[PDB]
**Q** 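Below is a structure I'd like to ask you about.
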Amino acid sequence: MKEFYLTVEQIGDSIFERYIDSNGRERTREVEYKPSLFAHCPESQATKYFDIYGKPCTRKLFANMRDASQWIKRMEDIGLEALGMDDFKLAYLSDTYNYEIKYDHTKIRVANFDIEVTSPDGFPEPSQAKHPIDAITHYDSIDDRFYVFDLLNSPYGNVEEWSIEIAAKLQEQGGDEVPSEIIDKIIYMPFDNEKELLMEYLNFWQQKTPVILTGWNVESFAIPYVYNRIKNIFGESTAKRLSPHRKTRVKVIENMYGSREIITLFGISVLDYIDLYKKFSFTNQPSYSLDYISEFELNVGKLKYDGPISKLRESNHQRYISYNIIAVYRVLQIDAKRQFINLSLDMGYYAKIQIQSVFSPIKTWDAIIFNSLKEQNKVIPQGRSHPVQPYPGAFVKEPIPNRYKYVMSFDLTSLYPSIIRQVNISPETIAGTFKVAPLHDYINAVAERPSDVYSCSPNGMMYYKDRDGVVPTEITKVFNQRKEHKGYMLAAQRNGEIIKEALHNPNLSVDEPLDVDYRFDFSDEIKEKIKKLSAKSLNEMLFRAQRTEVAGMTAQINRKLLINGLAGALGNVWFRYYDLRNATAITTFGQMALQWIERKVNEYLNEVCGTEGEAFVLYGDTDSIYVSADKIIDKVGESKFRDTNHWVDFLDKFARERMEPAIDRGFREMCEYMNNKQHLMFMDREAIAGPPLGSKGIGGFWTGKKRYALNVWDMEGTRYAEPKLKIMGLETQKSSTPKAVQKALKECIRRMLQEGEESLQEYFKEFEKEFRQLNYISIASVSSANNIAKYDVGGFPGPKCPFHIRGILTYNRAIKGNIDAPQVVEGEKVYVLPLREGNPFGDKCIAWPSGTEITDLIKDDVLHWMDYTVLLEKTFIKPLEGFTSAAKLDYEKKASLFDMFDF
DNA sequence: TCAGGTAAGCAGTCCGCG
DNA sequence: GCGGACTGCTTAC
Ligand SMILES: Nc1ccn([C@H]2C[C@H](O)[C@@H](COP(=O)(O)OP(=O)(O)OP(=O)(O)O)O2)c(=O)n1
Ligand SMILES: [Ca+2]
Ligand SMILES: [Ca+2]
Ligand SMILES: [Ca+2]
Ligand SMILES: [Ca+2]
Ligand SMILES: [Ca+2]
């Protein structure tokens with residue numbers, strides 16, 4: 001077995017490394033690593049080090065790391081470039097692990113924990129840590145055990161021991177329903193005092209020192225609280241035992257509105273699961289409480305308790321501890337699904353970085369590129385200071401707002417990375433510039449050919465064609481990994497649809513799910529067996545298929561994020577290879593590609609339809625085109641089709657056999673025009689959309705840029721058992737839109753697209769009639785809340801006060817002088833409700849923390865003064881009016897001469 | 001909201017628009 | 001009332 005690092009730190013002139021040795025044991029070592037840096041030289045031909053531009057360099061080997069850093073300073077004082085990896089631990093890892101790291105996750109100690117702290121006077125601030133820690137549950141991945149540390153005696157109450165027997169029981173037996181599958185994995189330790197609890201926890205920590213430390217808000221709450229509480233009680237040296245190297249640092253985290261403090265534990269990699277989720281889940285949520293996210297991800301019920309959490313330990317210590325345990329498990333369950341820890345380890349070891357650096361695409365790419373170049377004895381340039389400057393991005397076509405009955409979409413594969421590879425865009429491949437014409441001249445192929453020697457982008461940049469740049473080389477490797485995982489994801493998706501189809505005809509038998517790999521398309525034999533299965537077995541298979549799809553999605557979408565992040569890093573001032581010429585070369589080439597192919601598709605379809613100057617491409621954004629297919633369908637005639645699937649098959653064939661070849665030819669011509677290194681503009685059919693055959697559905701509509709809805713039957717080769725609504729940008733997709741309103745608007749859209757005007761009018765009438773019954777949370781708006789202080793003038797709205805902030809100030813006056821009332825946290829999200837004229841709150845709206853019930857102090861008054869009329873017009877009617885006007889439809893039946901008779 | 005990028009939509013404030 | 005300038009917040013890509 002090859003060795004692999006666990007953590008790496010620089011402390012003074014020493015590297016501290018925890019690692020798994022060749023025998024599979026965890027070890028720690030201190031290494032007086034001597035770094036090398038580089039300087040340009042005339043020079044001797046006997047040097048083997050060259051910078052990325054091929055200029056010779058001499059290697060300077062330093063007695064220690066502090067000397068290397070001081071040399072970098074002097075080179076700045078002199079005014080000369082100091083070359084090489086200035087983050088010495090990355091250099092250390094590169095030297096020590098000079099091969100593709102093969103890691104064994106079963107040897108990596110992954111800990112997730114959660115603490116409880118009873119506090120009668122508001123939120124227990126981690127910086128103060130003035131209240132006892134009264135529960136800790138710490139799950140260890142190697143032991144596969146939940147270690148529970150329970151405080152029985154506190155200034156806030158003495159309690160009895162937690163009972164595992166009651167914990168296991170149904171809530172209907174008076175129990176806590178701790179999942180039976182973890183009951184035998186709980187190791188319960190009660191303590192008669194907090195000093196002994198904390199001393200034992202530290203001893204335990206020493207024995208089972210986390211490598212990866214996770215949980216929910218551990219970086220912002222649990223770690224700082226534990227550290228500071230131990231500091232308060234025992235002193236600093238004891239608190240630093242949370243670090244395997246006894247080194248910690250208060251770190252100030254800054255943003256534009258203010259700052260906060262965290263504790264850096266040297267020799268541990270903290271991956272707070274809230275931040276993993278925010279980065280990798282590709283959701284935007286109304287609330288990020290563990291309860292809310294658990295319900296969203298796992299469909300588990302809210303953990304129910306009576307009274308405030310500040311009195312939960314005293315009133316029901318049994319439930320208090322059970323819910324602490326369950327909280328830790330819910331994070332494990334989310335990870336079992338989303339696999340963000342796996343992803344982080346995968347990417348971290350690939351790049352050869354501290355695992356926690358996966359949060360930084362810039363740090364990730366710096367290490368990948370450094371390691372690649374080092375292999376060639378090439379020397380990386382010094383990072384430089386650059387002023388932040390705006391630069392142009394993608395093209396978006398202005399659509400004509402309308403209904404669109406039949407639509408086929410086409411999309412470029414991994415556009416920006418494909419552009420980088422096609423054009424050969426890299427720091428070291430810049431060949432020069434050419435004289436640019438207006439972009440429209442390149443789009444229309446009337447501008448002079450930029451170069452007969454070099455590979456070009458319409459921003460005026462030229463690149464070498466003799467060899468691949470390091471950016472193209474390394475981006476290709478990750479692109480290839482992404483493609484493999486996307487393949488598994490789509491197969492799992494297709495397999496899921498086979499199971500859905502079979503669920504129409506389930507067998508009345510007792511059987512088991514098939515043991516299959518959902519990452520590969522089901523064979524004919526598997527399909528035959530599926531048709532013979534019970535509903536229970538099919539549903540279990542569907543769950544597993546959907547879990548496989550989620551696993552593939554995590555692996556693929558985040559590799560996509562990383563590669564797109566390299567294109568973005570070229571436009572970030574902190575990136576070692578920051579260059580607006582390269583960043584703009586990518587974006588400007590993309591603008592041309594989209595508009596180039598729009599023209600080619602229009603020309604092609606006008607030719608096949610025998611028309612002149614008709615717009616077949618109705619819309620496009622960045623790298624996709626949406627093509628009106630009404631004329632194609634009408635050329636055979638709707639009456640000629642047996643069913644919906646029949647015209648779907650037909651459009652699918654037309655897209656693949658006629659349109660994609662035309663698109664390919666168009667892009668090959670563009671490649672030769674720009675004299676690019678390799679043709680990589682691959683534009684495949686994405687969606688096939690239309691109304692059900694024989695229906696009055698409108699199929700799709702656009703209201704404007706980034707705002708459209710389509711009834712989709714096939715997506716990237718997945719033929720759905722039921723048509724799928726693809727809605728982009730509209731209020732149904734916005735976290736700010738109330739939950740019940742998202743749901744109602746989506747149904748309005750479904751009816752528009754699938755059923756027609758009359759169906760839409762029927763639903764609207766009913767929703768308008770009944771909406772006042774809806775639960776207040778489901779009809780509250782949601783917003784992030786920044787600069788509460790800025791707009792606060794003696795508890796009242798200052799000039800230009802945003803609506804949601806006004807709501808917070810209303811709330812703040814209403815709960816004033818109440819220490820136990822939930823506080824709105826700056827930078828987090830709130831529910832917002834409008835209030836009727838003459839309410840006791842003294843203003844037109846109120847806001848409270850999102851994901852929560854509003855305090856019982858004011859709940860009744862809020863419910864009584866809720867402005868349902870304003871709520872409805874603003875969140876429901878106004879957006880619907882936008883949808884319907886765009887689609888040339890009415891949500892309310894217009895009067896006609898026909899109505900009425902029947903006397 | 002510490003942590004790659006730009007384009008661009010809508011809510012709301014403030015106030016003009018004879 | 002609607003739009004323009006502007007802030008705030010949110011999506012699409
Ligand atoms: N978060 C994002 C998403 C998009 N884009 C840019 C880079 C993409 O290449 C391009 C098109 O976005 P897509 O969503 O269509 O994604 P890709 O084309 O990269 O991947 P694919 O279509 O293969 O899934 O827009 C970006 O810079 N950052
Ligand atoms: Ca808790
Ligand atoms: Ca794409
Ligand atoms: Ca595709
Ligand atoms: Ca069957
Ligand atoms: Ca796209």
Side-chain angles (χ1 to χ4, degrees), chain A residues 219-220 251-262 271-272 274-276 278-280 282-284 286 288 353 356-366 388 390-398 411-412 414-416 560-575 577-578 580 582-584 586-588 590-591 594 619-624 703-708 727-737 781-787 790-791 797-807 825-830 832 834 844-845 874-875 878-879 882:
Chain A
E219 196 176 67
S220 66
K251 186 172 188 167
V252 292
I253 306 294
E254 304 186 317
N255 56 45
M256 51 186 72
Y257 314 114
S259 70
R260 61 191 180 89
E261 285 171 1
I262 65 166
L271 309 176
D272 197 333
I274 194 169
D275 298 318
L276 288 176
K278 282 169 174 178
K279 187 189 164 60
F280 297 131
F282 283 87
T283 57
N284 197 359
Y288 288 92
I353 55 181
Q356 68 268 28
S357 290
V358 300
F359 287 116
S360 174
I362 279 152
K363 179 60 95 178
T364 301
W365 282 114
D366 198 41
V388 176
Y391 71 95
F395 175 78
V396 186
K397 180 179 171 71
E398 190 71 67
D411 168 82
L412 285 151
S414 188
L415 183 66
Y416 281 12
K560 173 189 160 181
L561 188 62
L562 187 60
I563 57 174
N564 289 343
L566 180 49
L570 293 162
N572 178 293
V573 300
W574 299 105
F575 191 45
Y577 310 100
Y578 173 78
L580 232 52
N582 284 347
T584 306
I586 297 162
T587 66
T588 314
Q591 284 203 2
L594 182 58
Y619 184 68
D621 184 339
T622 307
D623 71 331
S624 66
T703 82
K705 292 183 183 188
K706 298 181 192 284
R707 284 188 59 91
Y708 62 93
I727 304 163
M728 308 309 301
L730 308 186
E731 279 72 12
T732 49
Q733 311 312 112
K734 297 169 82 161
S735 60
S736 49
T737 295
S781 295
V782 183
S783 188
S784 287
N786 304 303
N787 293 108
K790 178 192 270 194
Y791 296 101
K800 302 144 205 168
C801 186
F803 190 83
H804 62 288
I805 301 297
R806 179 185 289 273
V825 184
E826 166 80 13
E828 282 177 38
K829 296 183 178 192
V830 291
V832 188
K844 58 174 186 182
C845 62
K874 272 158 53 161
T875 68
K878 204 166 174 171

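Each chain gets a letter, A, B and so on, in the order the sequences are listed, and its residues count up from 1. Scope of the values below: all heavy atoms of this structure, side chains included, with no hydrogens, waters or symmetry mates.
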**Q** Quick check on B:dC10: is either OP1 or OP2 less than 4.0 Å from any side-chain nitrogen or oxygen of A:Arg707?
**A** yes

**Q** Counting only side-chain N and O atoms of A:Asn786, is one of them less than 4.0 Å from OP1 or OP2 of C:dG8?
**A**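 Checking A:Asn786 against C:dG8: no side-chain N or O falls below 4.0 Å of OP1 or OP2.
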
**Q** Can you sort out the partners of A:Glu826 under side chain to side chain contact (heavy atoms under 4.5 Å, CB included), two or more places apart, ordered by chain and number?
**A** A:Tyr257, A:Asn786, A:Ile788

**Q** Between C:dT10, B:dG4, B:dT1, which one does the side chain of A:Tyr257 approach most closely?
**A**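 Of the candidates, B:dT1 comes closest.
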
**Q** In whole angstroms, how far is the P atom of B:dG9 from the CD atom of A:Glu731?
**A** 13 Å

**Q** C:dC9 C1' sits how many Å from A:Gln733 CD, rounded?
**A** 17 Å

**Q** Looking only at atom types and distance, does a side-chain atom of A:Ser259 sit under 3.5 Å from a main-chain N or O of A:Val252, one as donor and one as acceptor?
**A** no

**Q** Do A:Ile353 and A:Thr364 touch side chain to side chain, with heavy atoms closer than 4.5 Å?
**A**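 A side-chain contact exists here, since the closest heavy-atom pair is under 4.5 Å.
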
**Q** Check step by step if side chain to side chain contact (heavy atoms under 4.5 Å, CB included) holds for A:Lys397 and A:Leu594.
**A** CA-CA 9 Å; A:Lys397 180 179 171 71; A:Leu594 182 58; over 6 Å; no

**Q** In whole Å, what separates the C1' atom of C:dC9 from that of B:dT1?
**A** 13 Å

**Q** Using the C1'-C2'-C3'-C4' dihedral sign as the criterion, classify the sugar of B:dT13 as north or south.
**A** south

**Q** Test side chain to side chain contact (heavy atoms under 4.5 Å, CB included) on A:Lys705 and A:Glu398 and set out the steps.
**A** CA-CA 6 Å; A:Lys705 292 183 183 188; A:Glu398 190 71 67; 3.3 Å; yes

**Q** On DNA chain B, check which nucleotide each of A:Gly393 and A:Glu828 is closest to and give me the residue with the more 5' one.
**A**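 Counting from the 5' end, the first nearest nucleotide belongs to A:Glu828.
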
**Q** Nearest whole angstrom, please: distance from the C1' of B:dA8 to the CD of A:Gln591.
**A** 14 Å

**Q** Can you tell me how far OG of A:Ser360 sits from CG of A:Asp366, rounded to the nearest 0.5 angstrom?
**A**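 It is 9.0 Å, given to the nearest 0.5 Å.
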
**Q** As a test of understanding, state which of A:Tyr416, A:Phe575, A:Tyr577 forms a side chain to side chain contact (heavy atoms under 4.5 Å, CB included) with A:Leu566.
**A**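 Filter result, single survivor: A:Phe575.
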
**Q** Return the nearest nucleotide to the side chain of A:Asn572; candidates are C:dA12, B:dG5, B:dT1.
**A** B:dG5

**Q** Taking 4.0 Å as the cut-off, does a side-chain nitrogen or oxygen of A:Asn255 come that near to OP1 or OP2 on B:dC2?
**A**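 A:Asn255 to B:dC2 OP1/OP2: side-chain N or O found under 4.0 Å.
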
**Q** What contact category does A:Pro879 fall into here, base, sugar-phosphate, or nothing, at under 4.0 angstrom with non-hydrogen atoms?
**A** nothing

**Q** Rounded off to whole Å, could you give me the CG-to-P distance for the A:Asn582 and B:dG4 pair?
**A** 18 Å

**Q** Can you tell me which nucleotide in C:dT10, C:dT11, B:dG5 comes closest to the side chain of A:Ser784?
**A** C:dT10

**Q** Report the distance from atom CG of A:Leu580 to atom P of B:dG4, rounded to the nearest whole Å.
**A** 16 Å

**Q** With a 4.0 Å cut-off on heavy atoms, is A:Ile362 in touch with a base, just the backbone sugar-phosphate, or nothing at all?
**A** sugar-phosphate

**Q** Classify A:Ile586 by what it touches in the nucleic acid, base, sugar-phosphate, or nothing, heavy-atom distance under 4.0 Å.
**A**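 No contact.
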
**Q** Among residues at least two apart in sequence or on other chains, which ones pass side-chain hydrogen bond (donor to acceptor under 3.5 Å, both in side chains) with A:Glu219?
**A**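 Result, side-chain hydrogen bond (donor to acceptor under 3.5 Å, both in side chains) vs A:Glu219: none returned.
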
**Q** Looking at every strand, decide which applies to A:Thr587 at a 4.0 Å heavy-atom threshold: base, sugar-phosphate, or nothing.
**A** nothing

**Q** Return the value, rounded to whole Å, for the distance between atom CG of A:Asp621 and atom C1' of B:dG9.
**A**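 Rounded to the whole Å, the gap is 12 Å.
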
**Q** So does A:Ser736 reach the base of C:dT11 with its side chain, donor to acceptor, closer than 3.5 Å?
**A**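 In this structure, the two groups form no donor-acceptor pair.
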
**Q** If we fit an axis to the first five pairs and another to the last five of the helix from B:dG5-C:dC13 to B:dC17-C:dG1, what angle do they make, to the nearest 10°?
**A** 30°

**Q** So what does A:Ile262 hit on the nucleic acid, given a heavy-atom distance under 4.0 Å: a base, only sugar-phosphate, or nothing?
**A** base

**Q** Using modelled atom types and a 3.5 Å cut-off, is there a donor and acceptor pairing between side-chain atoms of A:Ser624 and backbone atoms of A:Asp621?
**A** yes

**Q** If you check every side-chain atom of A:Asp275, which of C:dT10, B:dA3, C:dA12 has the closest atom?
**A** B:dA3

**Q** NA contact type, A:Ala567, heavy-atom cut-off 4.0 Å: base, sugar-phosphate, or nothing?
**A**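 Nothing, no nucleic acid heavy atom in range.
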
**Q** With heavy atoms under 4.0 Å as the rule, sort A:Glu826 into base, sugar-phosphate or nothing.
**A**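 It contacts nothing in the nucleic acid.
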
**Q** Could you write out each protein N or O paired with an N or O of nucleotides 12-16 of chain B at a distance under 3.5 Å?
**A**
| from | atom 1 | to | atom 2 | distance (Å) |
| --- | --- | --- | --- | --- |
| B:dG12 | OP1 | A:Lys874 | NZ | 2.8 |
| B:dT13 | OP1 | A:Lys844 | NZ | 2.8 |
| B:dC14 | OP1 | A:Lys800 | N | 2.8 |

**Q** Relative to the 5' end of DNA chain B, which residue comes earlier, A:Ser360 or A:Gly704, by the nucleotide with the nearest heavy atom?
**A**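 Nearer the 5' end of the strand: A:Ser360.
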
**Q** Please check: side-chain N/O of A:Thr622 versus main-chain N/O of A:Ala394, any donor-acceptor pairing under 3.5 Å?
**A**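 Checking the backbone N and O of A:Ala394 against the side chain of A:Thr622, no donor-acceptor pair under 3.5 Å is found.
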
**Q** Within the 4.5 Å heavy-atom criterion, are A:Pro392 and A:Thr584 side-chain neighbours or not?
**A**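 In short, these two side chains touch, coming nearer than 4.5 Å.
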
**Q** Counting only side-chain heavy atoms from C-beta out, which of B:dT6, B:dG9, C:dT10 sits nearest to A:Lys829?
**A** C:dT10

**Q** Using a cut-off of under 3.5 Å, enumerate the N/O to N/O pairs linking the protein to nucleotides 3-7 of chain C.
**A**
| from | atom 1 | to | atom 2 | distance (Å) |
| --- | --- | --- | --- | --- |
| C:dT7 | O3' | A:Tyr791 | OH | 3.3 |

**Q** A:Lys363: what forms a side-chain hydrogen bond (donor to acceptor under 3.5 Å, both in side chains) with it, not counting sequence neighbours?
**A**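 Once residues adjacent in sequence are excluded, the partners of A:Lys363 under the side-chain hydrogen bond (donor to acceptor under 3.5 Å, both in side chains) criterion are A:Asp87.
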
**Q** Could you go step by step and tell me if A:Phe803 and A:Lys844 meet the side chain to side chain contact (heavy atoms under 4.5 Å, CB included) rule?
**A** CA-CA 9 Å; A:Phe803 190 83; A:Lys844 58 174 186 182; 3.8 Å; yes

**Q** In sequence, state the C-alpha distance, the side-chain angles, and the governing distance for A:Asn284 and A:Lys829, and then conclude on side chain to side chain contact (heavy atoms under 4.5 Å, CB included).
**A** CA-CA 11 Å; A:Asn284 197 359; A:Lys829 296 183 178 192; 2.8 Å; yes

**Q** Could you give the CD1-to-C1' distance, from A:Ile274 to B:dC2, as a whole number of Å?
**A**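 Nearest whole value for this atom pair: 14 Å.
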
**Q** Using the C1' atom in both, what is the distance from C:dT7 to B:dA3, to the nearest Å?
**A**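 Straight-line distance between the two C1' atoms is 25 Å.
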
**Q** State, yes or no, whether a side-chain contact exists between A:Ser781 and A:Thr875 at a heavy-atom distance under 4.5 Å.
**A**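 Heavy-atom side-chain distance check passes, below 4.5 Å.
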
**Q** Is there a donor and acceptor pair closer than 3.5 Å between the side chain of A:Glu219 and the base of B:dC2?
**A**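 Side chain to base: pair present.
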
**Q** Counting side-chain heavy atoms from CB outward, which of B:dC2, C:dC9, C:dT11 is closest to A:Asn284?
**A** C:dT11

**Q** Compare the minimum distances between each of C:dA12, B:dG4, B:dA8 and the side chain of A:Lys705, then state the nucleotide with the smallest one.
**A**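 Taking heavy atoms from C-beta onward, the closest nucleotide is B:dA8.
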
**Q** If I read the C1'-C2'-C3'-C4' torsion for C:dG8, does it come out on the north side (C3'-endo) or the south side (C2'-endo)?
**A** south

**Q** Without decimals, in angstroms, what is the distance between A:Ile805 CD1 and C:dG8 P?
**A** 9 Å

